[PDB]
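Numbers and lists here come from the model and the stated rules, or from a named source; nothing here is a laboratory result. Because the Cβ atoms are built from the backbone with ideal geometry, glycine has one as well, and the counts that use them run over all protein chains shown.
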Number of protein chains: 2
Amino acid sequence: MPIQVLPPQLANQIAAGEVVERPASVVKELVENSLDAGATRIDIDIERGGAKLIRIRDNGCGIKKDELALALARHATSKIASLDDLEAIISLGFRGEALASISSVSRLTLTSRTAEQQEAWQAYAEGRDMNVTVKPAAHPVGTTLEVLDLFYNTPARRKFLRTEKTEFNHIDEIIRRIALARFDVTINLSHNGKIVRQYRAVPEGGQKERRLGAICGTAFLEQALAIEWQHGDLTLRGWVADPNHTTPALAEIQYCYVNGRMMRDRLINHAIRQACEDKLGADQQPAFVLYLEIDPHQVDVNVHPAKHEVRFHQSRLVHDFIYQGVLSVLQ
Amino acid sequence: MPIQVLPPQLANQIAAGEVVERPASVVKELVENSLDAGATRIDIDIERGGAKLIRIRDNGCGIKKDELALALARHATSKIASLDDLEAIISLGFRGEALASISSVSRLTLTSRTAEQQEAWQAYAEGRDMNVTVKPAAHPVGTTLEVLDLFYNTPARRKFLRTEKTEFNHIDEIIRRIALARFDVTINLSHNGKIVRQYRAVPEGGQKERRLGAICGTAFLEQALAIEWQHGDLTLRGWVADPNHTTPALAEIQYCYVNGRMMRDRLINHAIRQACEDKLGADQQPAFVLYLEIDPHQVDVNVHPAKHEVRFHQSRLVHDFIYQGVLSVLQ
DNA sequence: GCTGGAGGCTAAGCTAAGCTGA
DNA sequence: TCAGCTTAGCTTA
Ligand SMILES: Nc1ncnc2c1ncn2[C@@H]1O[C@H](COP(=O)(O)OP(=O)(O)NP(=O)(O)O)[C@@H](O)[C@H]1O
Ligand SMILES: Nc1ncnc2c1ncn2[C@@H]1O[C@H](COP(=O)(O)OP(=O)(O)NP(=O)(O)O)[C@@H](O)[C@H]1O
Ligand SMILES: [Mg+2]
Ligand SMILES: [Mg+2]
């Protein structure tokens, strides 16, 4: 058997194996792409638990017609030009294996119109080589993605899809986590056409209690302890629940963000777990939302396909900083 | 800010961010390539903790000149042709992004000679466009990879290399895990030219115990309890230590394999952790080397870039099966 | 003697609570 | 004001 180059559709389907875990991961990737384009209104429209239709609409800068084809392509992005840019990144996007993977394992139609361009355009990728065709359409300034029949072309991945309810629950979990990360963009979720969740954006210099309550819950809000802890460029803000009377209903909310990204990292969770176990004695594991800010040069984020976990250049210092911050919180 | 295709060197450097974590990951990837290729003698030579030179030599099938050129390329492999092959994986390779990534973040000089072809060939990929140069060389039947000056051209990642000692410790850990996974191949590790570890291959139907002692110490062997728990298609074989007198020195040995690949999976580790914490006190978490064998269709392995986390189609059944197996072991 | 790095399910069905229609 | 339907929480696989 010879060493032969995989056809681009097959290569993208393999990339979809790591970056597209469930319909929830498709919603996360498309929402992040909209947020990086400076969008303020995000309208997500899940149908049949994401298996049938996932539609995301935004009021972002859009994708001009000629570059629409290269947007759907693989290893093609407008967020890095060289390794130096990758060292100091601010966007939620580095590589071009985001739209390529989803378009490979589904029927992805990309409708967009930039503010400068008068007329909107559609683009969808099909075939063994994933060629893209651009048809004219009507849309306001912004972009709309429709992911239809997810894993239609990969029978094995469809076998992995769970029931309609659980898949929407995972999509709702990702929407809630994105909404907390950015308290400045309105996110409107809708399942089977019936509105499920609406978060109205609090403007810069506003009250953060209302939206956080709508996402976390009233119990978390009345039991929230807002914090601010700085040892230099390391700054840890956010709300931590009180462990004295935390209920199992509140236990599900354990989110941590590093420079505005969703972190499911071992180091940070372990630091909080040690802090909780030291000033309590047992694993009550109280609810918390922590926003950590560091120079992007002290952190490496190109570590995981879905960019959940992160590698810190100052691992022991960051662990000590988070541990001291949570220890101060429990006072 | 236009959408531009990333140059191949940059794209491969980004892939290296996820697949090439440390010199240990480079040793793991190159050793896996040799085993699947069919090798009985693997000779690894780490110099200056992997930072200066990593050389892996095998007695495998080798790579002919034209296929040698495509070996260094990205998305080029001889282990999958279509999705059906990806469903029915019996090899340790799916994508072509491992050698492309290592050749991107280092000076990779692949040298090989197949059994049939007359003479050996040395091939290396260089430049921002990653052109491949194939010069003549001398080598017996098999292949040799030399990774020199790891992360020389990526200063951002070199700062993450810890020391000479720790990097070799991680390489030694991966070598011991590979050796246990296949008791069929001789693996000879050498640091700065001084032999550190030698494991001689036990012939088919041979006694495993002596090699297991060389990898996990005599204490594991006097405290070993072999198992064969089989329910339906699921078979959990291997050796588990006794928690009655387990030392912290033995606690480092917690390896688990799914269809003969090294798993750092959340579901499996969690199941063993629950089983140990139910029939023990003070979180004893005893040492174990357990081989799970499952139908290749009921587990998905294309889940993580470094392939140490699997997605099971029957998550609850597999968790219960492993939990029951370890619970039976602890009596 | 000092120094790195942190193990840690997941999903479906049933029952209870709240809101809307008769 | 009471009954029925939908959504959330809990339990077992
Ligand atoms: N909603 C949007 N509005 C405007 N531009 C967009 C939008 N979505 C995607 N784009 C652009 O289109 C390109 C498509 O590439 P993509 O694969 O999404 O890159 P990425 O976001 O950097 N990838 P990743 O690292 O996986 O997150 C991006 O570089 C964006 O700049
Ligand atoms: N030691 C070796 N001996 C023989 N053939 C080899 C060897 N190493 C690599 N090859 C061949 O070169 C190709 C390149 O493999 P590589 O780029 O590492 O990806 P892969 O191993 O096929 N998949 P992945 O698990 O992602 O790394 C393989 O398909 C093999 O056919
Ligand atoms: Mg993207
Ligand atoms: Mg490989």
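Is it true that residue A:271 is over 16 Å from the mean Cα position of the chain (by Cα) and closer than 30 Å to residue B:22 by Cβ?
Judged against the criteria, residue A:271 is a match.
Residue check, residue B:90 against (1) more than 16 Å from DNA strand C (Cβ to nearest atom); (2) within 22 Å of residue B:262 (Cβ to Cβ); (3) assigned to a helix (DSSP H, G or I), all met but one. Which one?
(3)
Do you know which residues across region B:251-260 are surrounded by 17 or more Cβ atoms within 10 Å (Cβ to Cβ) and assigned to a loop (DSSP other than H, G, I, E, B)?
If the condition is that a residue be surrounded by 17 or more Cβ atoms within 10 Å (Cβ to Cβ) and assigned to a loop (DSSP other than H, G, I, E, B), then B:253 is the only one that fits.
Looking only at region B:275-316, count how many residues are within 16 Å of DNA strand D (Cβ to nearest atom) and more than 14 Å from chain A (Cβ to nearest Cβ).
2
In region A:197-214, how many residues are closer than 29 Å to residue A:149 by Cα and touching a helix residue (DSSP H, G or I) at 6+ places or on another chain (Cβ under 7 Å)?
Number of matching residues: 2.
Among the residues of region A:16-40 satisfying the criterion of being at negative phi and not in a helix (DSSP H, G or I), which is farthest from the other protein chains (Cβ to nearest Cβ)?
Checked region A:16-40; the qualifying residue farthest from the other protein chains (Cβ to nearest Cβ) is A:40.
What is the one condition in (1) in contact (Cβ under 8 Å) with a residue 40 or more places away in the chain; (2) at positive phi; (3) away from chain B (no Cβ under 14 Å); (4) away from DNA strand D (no atom under 15 Å from the Cβ) that residue A:151 does not satisfy?
(3)
Among the numbered criteria (1) away from DNA strand D (no atom under 16 Å from the Cβ); (2) of a type in the set (A, V, I, L, M, F, W, C); (3) out of contact with any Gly (no Cβ under 7 Å at 6 or more places or on another chain), which one does residue A:61 miss?
Going through the list (1) away from DNA strand D (no atom under 16 Å from the Cβ); (2) of a type in the set (A, V, I, L, M, F, W, C); (3) out of contact with any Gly (no Cβ under 7 Å at 6 or more places or on another chain), residue A:61 breaks only (3).
Among the numbered criteria (1) within 15 Å of ligand 3 (Cβ to nearest atom); (2) closer than 26 Å to residue A:149 by Cβ; (3) surrounded by fewer than 23 Cβ atoms within 10 Å (Cβ to Cβ), which one does residue A:61 miss?
Among (1) within 15 Å of ligand 3 (Cβ to nearest atom); (2) closer than 26 Å to residue A:149 by Cβ; (3) surrounded by fewer than 23 Cβ atoms within 10 Å (Cβ to Cβ), residue A:61 violates only (2).
Condition test on residue B:267, is it farther than 24 Å from residue B:27 by Cα, surrounded by fewer than 16 Cβ atoms within 10 Å (Cβ to Cβ) and of a type outside the set (S, T, N, Q)?
no
Within region B:41-86, which residues are within 22 Å of residue B:137 (Cβ to Cβ), touching a residue at least 40 places away in the same chain (Cβ under 8 Å), within 14 Å of another protein chain (Cβ to nearest Cβ) and part of a loop (DSSP other than H, G, I, E, B)?
B:60, B:61, B:62, B:63, B:64, B:72, B:73
Hey, can you tell me all the residues within region A:136-156 that are in a strand (DSSP E or B) and buried (at least 16 other Cβ atoms within 10 Å of the Cβ)?
A:142, A:143, A:144, A:145, A:146, A:147, A:148 - these are the residues of region A:136-156 that are in a strand (DSSP E or B) and buried (at least 16 other Cβ atoms within 10 Å of the Cβ).
Run down B:111, B:133, B:163 and say which single residue is farther than 30 Å from residue B:292 by Cα and surrounded by 19 or more Cβ atoms within 10 Å (Cβ to Cβ).
Answer to the selection: B:111.
Between A:104, A:82, A:91, which is hydroxyl-bearing (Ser, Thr, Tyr) and crowded, with 19+ Cβ neighbours inside 10 Å?
Answer to the check: A:104.
Determine, yes or no, whether residue A:301 is closer than 30 Å to residue A:17 by Cα and either of a type outside the set (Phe, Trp, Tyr) or more than 16 Å from the chain's Cα centre (by Cα) (or both).
Criteria met by residue A:301.
Go through A:29, A:67, A:21 for me and flag whichever is away from DNA strand D (no atom under 16 Å from the Cβ), charged (D, E, K, R), out of contact with any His (no Cβ under 7 Å at 6 or more places or on another chain) and over 26 Å from residue A:304 (Cα atoms).
It is A:67.
Any residue at all in region B:66-80 that is more than 9 Å from ligand 2 (Cβ to nearest atom), touching a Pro at 6+ places or on another chain (Cβ under 7 Å) and either assigned by CATH to the domain that holds residue B:41 or closer than 30 Å to residue A:154 by Cβ (or both)?
no
Are there any pairs, at least 6 apart or on different chains, whose C-beta atoms fall under 6 Å, with the first in region B:1-15 and farther than 11 Å from residue B:103 by Cβ and facing chain A (nearest Cβ under 7 Å) and the second among the hydrophobic types (A, V, I, L, M, F, W, C) and crowded, with 22+ Cβ neighbours inside 10 Å, and if so, which?
Once the first residue is farther than 11 Å from residue B:103 by Cβ and facing chain A (nearest Cβ under 7 Å) and sits in region B:1-15, its partners that are among the hydrophobic types (A, V, I, L, M, F, W, C) and crowded, with 22+ Cβ neighbours inside 10 Å give B:3/A:71.
Only one residue in A:52, A:28 is closer than 28 Å to residue A:163 by Cα, among the basic types (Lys, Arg) and surrounded by 22 or more Cβ atoms within 10 Å (Cβ to Cβ), so which one is that?
On inspection, the qualifying residue turns out to be A:28.
Answer yes or no: is there a residue in region B:85-94 that is under 30 Å from residue B:161 (Cα atoms), touching a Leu at 6+ places or on another chain (Cβ under 7 Å) and within 14 Å of ligand 4 (Cβ to nearest atom).
yes
Quick one: in region B:166-197, of everything that is of a type in the set (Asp, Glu) and farther than 25 Å from residue B:109 by Cβ, which residue is surrounded by the most Cβ atoms within 10 Å (Cβ to Cβ)?
Result: B:173.
For region B:166-173, indicate whether the set of residues that are within 16 Å of ligand 4 (Cβ to nearest atom) and either more than 14 Å from chain A (Cβ to nearest Cβ) or among the hydrophobic types (A, V, I, L, M, F, W, C) (or both) is non-empty.
Checking region B:166-173: not a single residue is within 16 Å of ligand 4 (Cβ to nearest atom) and either more than 14 Å from chain A (Cβ to nearest Cβ) or among the hydrophobic types (A, V, I, L, M, F, W, C) (or both).
Considering only residues that are of a type in the set (D, E, K, R) and touching an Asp or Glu at 6+ places or on another chain (Cβ under 7 Å), look in region B:198-241 and name the one that is surrounded by the fewest Cβ atoms within 10 Å (Cβ to Cβ).
Step by step, filter region B:198-241, then rank; the result is B:233.
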